[PDB]
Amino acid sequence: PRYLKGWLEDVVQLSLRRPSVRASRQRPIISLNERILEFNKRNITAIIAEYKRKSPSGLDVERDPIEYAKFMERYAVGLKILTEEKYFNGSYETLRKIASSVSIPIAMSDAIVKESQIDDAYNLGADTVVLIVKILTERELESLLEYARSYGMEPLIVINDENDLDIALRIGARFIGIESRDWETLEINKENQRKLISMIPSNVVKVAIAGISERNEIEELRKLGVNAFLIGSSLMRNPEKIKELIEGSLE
């Protein structure tokens, strides 16, 4: 409910009409941001793996989601599951099945614009949600953050520019994702990403999103203060690429 155009305008209107669910969940929330800090202290590279059937920035991959999630349970600090229907071909049922099969933190990612979507994430088994600042007004973002926290979740608040970063800090975000991808244009800008990272308080748990493909980048970014890395497409196509990213290579 910011002023939007193109596909982002369309996905927001679509999400406003997303039917809520009556699935049930009671198990404790497994904090994603806390496990990231845990990994940092154990000196283990923290990679959040994404499950997405398709996306505006890639090709459709039809693989068994459970098989994928269980493999990732061995390496990833957490999972991000895309549930948006039109542009990511996602489903609440996929999130539900994955959450019921693995024991690592799960983050539901969608165009979250209404509180029932947060109810949905909790009811389906997600441990947290991903809020996109680019599509929300300051008022909606703060309200959704306050709402998510009432469930015991600490949302990953995603930004890709300075003004949106300020808004995230201003509303009290403690878990921020810095996007190198502008979802409006799909262009990648790593210089901007690093500039934004340098501007974030050290207490914030920082997740570098997109554009990560080799361990060298990871090590560089860690030294710059990044706590975790969100990697999707590369892993959706070749899951075992995560081994090198965490353990290094024999060359």
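One rule holds for the numbers: they count along the sequence shown, beginning at 1.
Notebook entry, point to check: Mean C-alpha B factor from the entry: is it higher for 131-139 or for 116-124?
Noted result: Looking at the record's C-alpha B-factors, the answer is 131-139.
Checklist line | Per the entry, higher mean C-alpha B factor between 56-64 and 214-222 | finding: Per the PDB entry, the higher value belongs to 214-222.
Check: What third of its chain's C-alpha B-factors does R25 belong to: lowest, middle or highest?
Finding: Top third by C-alpha B-factor.
Next item on the list: Pull the Cα B-factor of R17 out of the PDB entry and bin it into the chain's lowest, middle or highest third.
Entry: Tercile = middle for this residue's CA B-factor.
Notebook entry, point to check: Comparing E162 with the other modelled residues of its chain, is its CA B-factor in the lowest, middle or highest third?
Noted result: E162: CA B-factor falls in the lowest third of its chain.
Check: Lowest, middle or highest third: where is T83 by Cα B-factor in its chain?
Finding: Middle third of the chain for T83's C-alpha B-factor.
Check: How does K70 rank on Cα B-factor within its chain, lowest, middle or highest third?
Finding: Lowest third - that is where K70 ends up once the chain's C-alpha B-factors are sorted.
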